[PDB]
Amino acid sequence: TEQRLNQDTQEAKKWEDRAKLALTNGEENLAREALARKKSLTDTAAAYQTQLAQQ
Amino acid sequence: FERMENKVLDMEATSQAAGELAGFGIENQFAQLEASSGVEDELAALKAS
Amino acid sequence: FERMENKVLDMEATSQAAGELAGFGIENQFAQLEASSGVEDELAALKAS
Amino acid sequence: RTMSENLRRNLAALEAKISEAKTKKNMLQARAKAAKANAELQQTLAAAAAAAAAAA
């Protein structure tokens with residue numbers, strides 16, 4: 001679970017960058033999409049922290 | 001020719017009726033709205049940068 | 001000649017429709033942006049030299 | 001050309017949730033393996049306590 005956690009905490013930063021790269025092109029319709037991808041990664045990363053601390 | 005024109009018009013109306021009626025319903029009818037994505041708040045926060 | 005012109009126009013529209021529709025989707029639609037590479041930060045750092 | 005816009009939005013709204021499902025399944029399969037490892041451990045600990053070799 002420690003390996004999985006480190007993947008998703010860096011995959012989210014990829015999508016955070018790609019969102020800002022869309023707003024500088026004004027393409028809000030695409031920035032919202034990248035933010036939606038980020039959200040579900042942050043939500044599941046919190047599940048690993050809870051699981052790992054218990055284990 | 002007259003008899004076969006009427007079959008075409010029956011096909012067309014049957015197809016349009018089902019598609020029009022399938023155009024109703026909340027999931028489709030909301031999918032036509034631009035801000036439906038639900039991330040508008042964090043977009044507004046990002047726009048603070 | 002008139003009958004065979006219409007076949008050509010049906011081929012052309014079929015080809016264009018699929019390619020246009022395949023032009024959508026995040027992976028393609030982001031591939032058209034120059035800074036999509038994700039290494040812009042370390043490029044900016046290298047530009048400090 | 002009103003139908004084609006409607007379909008083209010519906011088509012994007014599907015793949016957006018194939019992406020969500022595919023990230024959740026990874027976290028759920030992880031949890032399913034962990035839960036099953038602990039079940040086998042707790043079963044082993046109970047069987048050992050039922051033998052009570054230390055009491056014999």
# chains A, B, ... in the order shown; residues from 1 in each chain; ligands from 1
>>> residues_around(residues="residue 21 of chain C", least_positions_apart="6", cutoff="12 Å", atoms="only C-alpha atoms", output="list in words")
residues 14, 15, 28 and 29 of chain C; 4, 5, 7, 8, 9, 11 and 12 of chain D
>>> write_last_selection(atoms="N, CA and C atoms", output="PDB file, in the first residue's frame")
ATOM      1  N   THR C  14     -18.448   9.296 -45.082  1.00  0.00           N
ATOM      2  CA  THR C  14     -18.218   8.247 -44.098  1.00  0.00           C
ATOM      3  C   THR C  14     -16.824   8.329 -43.492  1.00  0.00           C
ATOM      4  N   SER C  15     -15.819   8.571 -44.325  1.00  0.00           N
ATOM      5  CA  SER C  15     -14.444   8.696 -43.859  1.00  0.00           C
ATOM      6  C   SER C  15     -14.237   9.916 -42.971  1.00  0.00           C
ATOM      7  N   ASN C  28      -5.916  12.995 -27.263  1.00  0.00           N
ATOM      8  CA  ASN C  28      -5.616  13.699 -28.500  1.00  0.00           C
ATOM      9  C   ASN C  28      -5.695  15.204 -28.299  1.00  0.00           C
ATOM     10  N   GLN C  29      -6.761  15.663 -27.656  1.00  0.00           N
ATOM     11  CA  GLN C  29      -7.020  17.089 -27.557  1.00  0.00           C
ATOM     12  C   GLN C  29      -5.964  17.817 -26.732  1.00  0.00           C
TER      13      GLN C  29
ATOM     14  N   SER D   4     -26.943  15.378 -32.796  1.00  0.00           N
ATOM     15  CA  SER D   4     -25.518  15.070 -32.817  1.00  0.00           C
ATOM     16  C   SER D   4     -24.737  15.776 -31.718  1.00  0.00           C
ATOM     17  N   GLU D   5     -25.128  16.991 -31.342  1.00  0.00           N
ATOM     18  CA  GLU D   5     -24.555  17.613 -30.153  1.00  0.00           C
ATOM     19  C   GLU D   5     -24.928  16.869 -28.881  1.00  0.00           C
ATOM     20  N   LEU D   7     -25.736  13.655 -28.496  1.00  0.00           N
ATOM     21  CA  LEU D   7     -24.970  12.416 -28.448  1.00  0.00           C
ATOM     22  C   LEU D   7     -23.505  12.653 -28.133  1.00  0.00           C
ATOM     23  N   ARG D   8     -22.934  13.703 -28.700  1.00  0.00           N
ATOM     24  CA  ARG D   8     -21.525  14.006 -28.512  1.00  0.00           C
ATOM     25  C   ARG D   8     -21.183  14.439 -27.091  1.00  0.00           C
ATOM     26  N   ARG D   9     -22.119  15.057 -26.373  1.00  0.00           N
ATOM     27  CA  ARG D   9     -21.924  15.274 -24.943  1.00  0.00           C
ATOM     28  C   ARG D   9     -22.092  14.002 -24.118  1.00  0.00           C
ATOM     29  N   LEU D  11     -21.447  11.009 -25.048  1.00  0.00           N
ATOM     30  CA  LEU D  11     -20.287  10.169 -25.306  1.00  0.00           C
ATOM     31  C   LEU D  11     -19.081  10.568 -24.465  1.00  0.00           C
ATOM     32  N   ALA D  12     -18.877  11.864 -24.257  1.00  0.00           N
ATOM     33  CA  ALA D  12     -17.822  12.326 -23.359  1.00  0.00           C
ATOM     34  C   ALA D  12     -18.115  12.031 -21.894  1.00  0.00           C
TER      35      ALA D  12
END
>>> residues_around(residues="residue 49 of chain B", least_positions_apart="3", cutoff="12 Å", atoms="only C-alpha atoms", output="count of residues only")
9
>>> atom_distance(atom1="atom CA of residue 28 of chain A", atom2="atom CA of residue 18 of chain D")
21.4 Å
>>> closest_atom_pairs(of="chain B", to="chain D", cutoff="9 Å", atoms="only C-alpha atoms", output="CSV")
residue,atom,partner,partner_atom,distance
B:19,CA,D:3,CA,8.8
B:23,CA,D:6,CA,8.6
B:28,CA,D:10,CA,7.3
B:31,CA,D:10,CA,6.8
B:32,CA,D:6,CA,6.8
>>> write_last_selection(atoms="C-alpha atoms", output="short mmCIF file (atom, residue, chain, number, x, y, z; two decimals), in the first residue's frame")
data_model
loop_
_atom_site.label_atom_id
_atom_site.label_comp_id
_atom_site.auth_asym_id
_atom_site.auth_seq_id
_atom_site.Cartn_x
_atom_site.Cartn_y
_atom_site.Cartn_z
CA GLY B 19 -35.32 9.24 -30.03
CA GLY B 23 -34.26 12.76 -25.00
CA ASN B 28 -29.61 13.45 -20.36
CA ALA B 31 -25.87 16.59 -19.54
CA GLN B 32 -26.79 19.46 -21.86
#
>>> calpha_fit_and_write(fixed="chain B", moving="chain C", output="PDB file with N, CA and C atoms, in the first residue's frame")
ATOM      1  N   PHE C   1     -45.212   3.316 -56.491  1.00  0.00           N
ATOM      2  CA  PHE C   1     -44.472   4.446 -55.948  1.00  0.00           C
ATOM      3  C   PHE C   1     -45.207   5.089 -54.781  1.00  0.00           C
ATOM      4  N   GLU C   2     -46.501   5.340 -54.946  1.00  0.00           N
ATOM      5  CA  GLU C   2     -47.308   5.897 -53.868  1.00  0.00           C
ATOM      6  C   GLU C   2     -47.382   4.970 -52.663  1.00  0.00           C
ATOM      7  N   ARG C   3     -47.503   3.670 -52.907  1.00  0.00           N
ATOM      8  CA  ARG C   3     -47.539   2.695 -51.826  1.00  0.00           C
ATOM      9  C   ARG C   3     -46.219   2.591 -51.079  1.00  0.00           C
ATOM     10  N   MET C   4     -45.103   2.758 -51.772  1.00  0.00           N
ATOM     11  CA  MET C   4     -43.789   2.650 -51.156  1.00  0.00           C
ATOM     12  C   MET C   4     -43.309   3.933 -50.500  1.00  0.00           C
ATOM     13  N   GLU C   5     -43.841   5.078 -50.904  1.00  0.00           N
ATOM     14  CA  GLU C   5     -43.604   6.307 -50.165  1.00  0.00           C
ATOM     15  C   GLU C   5     -44.141   6.229 -48.743  1.00  0.00           C
ATOM     16  N   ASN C   6     -45.318   5.641 -48.570  1.00  0.00           N
ATOM     17  CA  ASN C   6     -45.937   5.575 -47.256  1.00  0.00           C
ATOM     18  C   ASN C   6     -45.170   4.708 -46.266  1.00  0.00           C
ATOM     19  N   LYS C   7     -44.505   3.652 -46.729  1.00  0.00           N
ATOM     20  CA  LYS C   7     -43.641   2.876 -45.847  1.00  0.00           C
ATOM     21  C   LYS C   7     -42.472   3.686 -45.311  1.00  0.00           C
ATOM     22  N   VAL C   8     -41.879   4.525 -46.151  1.00  0.00           N
ATOM     23  CA  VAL C   8     -40.760   5.354 -45.724  1.00  0.00           C
ATOM     24  C   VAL C   8     -41.175   6.311 -44.623  1.00  0.00           C
ATOM     25  N   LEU C   9     -42.346   6.907 -44.765  1.00  0.00           N
ATOM     26  CA  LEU C   9     -42.853   7.835 -43.769  1.00  0.00           C
ATOM     27  C   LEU C   9     -43.202   7.152 -42.457  1.00  0.00           C
ATOM     28  N   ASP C  10     -43.601   5.886 -42.502  1.00  0.00           N
ATOM     29  CA  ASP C  10     -43.818   5.132 -41.274  1.00  0.00           C
ATOM     30  C   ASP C  10     -42.518   4.783 -40.558  1.00  0.00           C
ATOM     31  N   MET C  11     -41.470   4.443 -41.303  1.00  0.00           N
ATOM     32  CA  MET C  11     -40.159   4.224 -40.701  1.00  0.00           C
ATOM     33  C   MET C  11     -39.624   5.481 -40.036  1.00  0.00           C
ATOM     34  N   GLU C  12     -39.689   6.601 -40.744  1.00  0.00           N
ATOM     35  CA  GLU C  12     -39.139   7.851 -40.242  1.00  0.00           C
ATOM     36  C   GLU C  12     -39.795   8.279 -38.937  1.00  0.00           C
ATOM     37  N   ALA C  13     -41.121   8.245 -38.886  1.00  0.00           N
ATOM     38  CA  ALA C  13     -41.838   8.654 -37.685  1.00  0.00           C
ATOM     39  C   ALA C  13     -41.585   7.721 -36.511  1.00  0.00           C
ATOM     40  N   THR C  14     -41.451   6.427 -36.772  1.00  0.00           N
ATOM     41  CA  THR C  14     -41.135   5.486 -35.706  1.00  0.00           C
ATOM     42  C   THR C  14     -39.774   5.767 -35.083  1.00  0.00           C
ATOM     43  N   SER C  15     -38.780   6.055 -35.914  1.00  0.00           N
ATOM     44  CA  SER C  15     -37.439   6.365 -35.435  1.00  0.00           C
ATOM     45  C   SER C  15     -37.389   7.664 -34.641  1.00  0.00           C
ATOM     46  N   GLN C  16     -38.017   8.715 -35.156  1.00  0.00           N
ATOM     47  CA  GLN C  16     -37.998  10.009 -34.485  1.00  0.00           C
ATOM     48  C   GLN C  16     -38.728   9.984 -33.152  1.00  0.00           C
ATOM     49  N   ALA C  17     -39.826   9.245 -33.068  1.00  0.00           N
ATOM     50  CA  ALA C  17     -40.604   9.203 -31.836  1.00  0.00           C
ATOM     51  C   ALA C  17     -39.804   8.638 -30.673  1.00  0.00           C
ATOM     52  N   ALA C  18     -39.106   7.531 -30.899  1.00  0.00           N
ATOM     53  CA  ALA C  18     -38.317   6.921 -29.837  1.00  0.00           C
ATOM     54  C   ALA C  18     -37.143   7.792 -29.417  1.00  0.00           C
ATOM     55  N   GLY C  19     -36.459   8.408 -30.375  1.00  0.00           N
ATOM     56  CA  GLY C  19     -35.322   9.243 -30.034  1.00  0.00           C
ATOM     57  C   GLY C  19     -35.714  10.519 -29.323  1.00  0.00           C
ATOM     58  N   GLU C  20     -36.820  11.122 -29.739  1.00  0.00           N
ATOM     59  CA  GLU C  20     -37.336  12.296 -29.049  1.00  0.00           C
ATOM     60  C   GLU C  20     -37.690  11.969 -27.608  1.00  0.00           C
ATOM     61  N   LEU C  21     -38.381  10.857 -27.403  1.00  0.00           N
ATOM     62  CA  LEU C  21     -38.815  10.478 -26.069  1.00  0.00           C
ATOM     63  C   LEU C  21     -37.650  10.066 -25.181  1.00  0.00           C
ATOM     64  N   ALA C  22     -36.632   9.430 -25.755  1.00  0.00           N
ATOM     65  CA  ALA C  22     -35.403   9.128 -25.037  1.00  0.00           C
ATOM     66  C   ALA C  22     -34.588  10.371 -24.718  1.00  0.00           C
ATOM     67  N   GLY C  23     -34.938  11.516 -25.294  1.00  0.00           N
ATOM     68  CA  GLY C  23     -34.259  12.759 -25.004  1.00  0.00           C
ATOM     69  C   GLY C  23     -34.651  13.377 -23.689  1.00  0.00           C
ATOM     70  N   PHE C  24     -35.733  12.889 -23.101  1.00  0.00           N
ATOM     71  CA  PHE C  24     -36.147  13.287 -21.772  1.00  0.00           C
ATOM     72  C   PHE C  24     -35.383  12.486 -20.725  1.00  0.00           C
ATOM     73  N   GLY C  25     -35.530  12.913 -19.482  1.00  0.00           N
ATOM     74  CA  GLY C  25     -34.903  12.262 -18.355  1.00  0.00           C
ATOM     75  C   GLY C  25     -33.678  12.991 -17.850  1.00  0.00           C
ATOM     76  N   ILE C  26     -33.594  13.027 -16.523  1.00  0.00           N
ATOM     77  CA  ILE C  26     -32.725  13.959 -15.814  1.00  0.00           C
ATOM     78  C   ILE C  26     -31.276  13.829 -16.260  1.00  0.00           C
ATOM     79  N   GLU C  27     -30.798  12.597 -16.414  1.00  0.00           N
ATOM     80  CA  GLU C  27     -29.390  12.385 -16.726  1.00  0.00           C
ATOM     81  C   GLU C  27     -29.007  12.968 -18.075  1.00  0.00           C
ATOM     82  N   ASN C  28     -29.866  12.814 -19.074  1.00  0.00           N
ATOM     83  CA  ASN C  28     -29.612  13.452 -20.356  1.00  0.00           C
ATOM     84  C   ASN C  28     -29.858  14.949 -20.274  1.00  0.00           C
ATOM     85  N   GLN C  29     -30.984  15.335 -19.688  1.00  0.00           N
ATOM     86  CA  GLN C  29     -31.399  16.728 -19.705  1.00  0.00           C
ATOM     87  C   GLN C  29     -30.449  17.628 -18.921  1.00  0.00           C
ATOM     88  N   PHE C  30     -29.758  17.085 -17.916  1.00  0.00           N
ATOM     89  CA  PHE C  30     -28.675  17.814 -17.262  1.00  0.00           C
ATOM     90  C   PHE C  30     -27.354  17.755 -18.017  1.00  0.00           C
ATOM     91  N   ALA C  31     -27.114  16.692 -18.778  1.00  0.00           N
ATOM     92  CA  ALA C  31     -25.873  16.589 -19.536  1.00  0.00           C
ATOM     93  C   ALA C  31     -25.736  17.685 -20.578  1.00  0.00           C
ATOM     94  N   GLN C  32     -26.827  18.348 -20.932  1.00  0.00           N
ATOM     95  CA  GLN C  32     -26.790  19.462 -21.865  1.00  0.00           C
ATOM     96  C   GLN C  32     -26.354  20.772 -21.231  1.00  0.00           C
ATOM     97  N   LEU C  33     -26.141  20.818 -19.921  1.00  0.00           N
ATOM     98  CA  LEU C  33     -25.726  22.046 -19.262  1.00  0.00           C
ATOM     99  C   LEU C  33     -24.219  22.046 -19.033  1.00  0.00           C
ATOM    100  N   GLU C  34     -23.591  23.179 -19.360  1.00  0.00           N
ATOM    101  CA  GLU C  34     -22.133  23.265 -19.423  1.00  0.00           C
ATOM    102  C   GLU C  34     -21.469  23.103 -18.060  1.00  0.00           C
ATOM    103  N   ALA C  35     -22.009  23.751 -17.031  1.00  0.00           N
ATOM    104  CA  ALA C  35     -21.484  23.662 -15.675  1.00  0.00           C
ATOM    105  C   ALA C  35     -21.913  22.408 -14.924  1.00  0.00           C
ATOM    106  N   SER C  36     -22.414  21.383 -15.609  1.00  0.00           N
ATOM    107  CA  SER C  36     -22.918  20.207 -14.913  1.00  0.00           C
ATOM    108  C   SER C  36     -21.812  19.411 -14.229  1.00  0.00           C
ATOM    109  N   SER C  37     -20.544  19.733 -14.492  1.00  0.00           N
ATOM    110  CA  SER C  37     -19.434  18.863 -14.114  1.00  0.00           C
ATOM    111  C   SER C  37     -19.230  18.770 -12.606  1.00  0.00           C
ATOM    112  N   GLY C  38     -19.701  19.751 -11.840  1.00  0.00           N
ATOM    113  CA  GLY C  38     -19.594  19.693 -10.396  1.00  0.00           C
ATOM    114  C   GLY C  38     -18.277  20.153  -9.806  1.00  0.00           C
ATOM    115  N   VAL C  39     -17.307  20.551 -10.624  1.00  0.00           N
ATOM    116  CA  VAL C  39     -16.010  21.009 -10.138  1.00  0.00           C
ATOM    117  C   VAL C  39     -15.873  22.526 -10.250  1.00  0.00           C
ATOM    118  N   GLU C  40     -16.993  23.237 -10.351  1.00  0.00           N
ATOM    119  CA  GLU C  40     -16.953  24.675 -10.596  1.00  0.00           C
ATOM    120  C   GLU C  40     -16.293  25.437  -9.451  1.00  0.00           C
ATOM    121  N   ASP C  41     -16.427  24.939  -8.223  1.00  0.00           N
ATOM    122  CA  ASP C  41     -15.862  25.618  -7.060  1.00  0.00           C
ATOM    123  C   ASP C  41     -14.338  25.619  -7.072  1.00  0.00           C
ATOM    124  N   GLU C  42     -13.727  24.456  -7.283  1.00  0.00           N
ATOM    125  CA  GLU C  42     -12.274  24.372  -7.362  1.00  0.00           C
ATOM    126  C   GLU C  42     -11.712  24.966  -8.645  1.00  0.00           C
ATOM    127  N   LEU C  43     -12.515  25.065  -9.699  1.00  0.00           N
ATOM    128  CA  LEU C  43     -12.111  25.855 -10.856  1.00  0.00           C
ATOM    129  C   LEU C  43     -12.030  27.335 -10.511  1.00  0.00           C
ATOM    130  N   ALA C  44     -13.041  27.846  -9.814  1.00  0.00           N
ATOM    131  CA  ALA C  44     -13.006  29.225  -9.347  1.00  0.00           C
ATOM    132  C   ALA C  44     -11.830  29.485  -8.415  1.00  0.00           C
ATOM    133  N   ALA C  45     -11.502  28.522  -7.555  1.00  0.00           N
ATOM    134  CA  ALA C  45     -10.316  28.654  -6.716  1.00  0.00           C
ATOM    135  C   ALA C  45      -9.033  28.656  -7.535  1.00  0.00           C
ATOM    136  N   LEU C  46      -8.944  27.796  -8.545  1.00  0.00           N
ATOM    137  CA  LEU C  46      -7.763  27.791  -9.400  1.00  0.00           C
ATOM    138  C   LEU C  46      -7.622  29.113 -10.139  1.00  0.00           C
ATOM    139  N   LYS C  47      -8.742  29.677 -10.585  1.00  0.00           N
ATOM    140  CA  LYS C  47      -8.750  30.985 -11.225  1.00  0.00           C
ATOM    141  C   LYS C  47      -8.252  32.097 -10.318  1.00  0.00           C
ATOM    142  N   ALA C  48      -8.068  31.830  -9.026  1.00  0.00           N
ATOM    143  CA  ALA C  48      -7.427  32.807  -8.160  1.00  0.00           C
ATOM    144  C   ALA C  48      -5.933  32.923  -8.419  1.00  0.00           C
ATOM    145  N   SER C  49      -5.333  31.940  -9.077  1.00  0.00           N
ATOM    146  CA  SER C  49      -3.935  32.040  -9.466  1.00  0.00           C
ATOM    147  C   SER C  49      -3.805  32.787 -10.788  1.00  0.00           C
TER     148      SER C  49
END
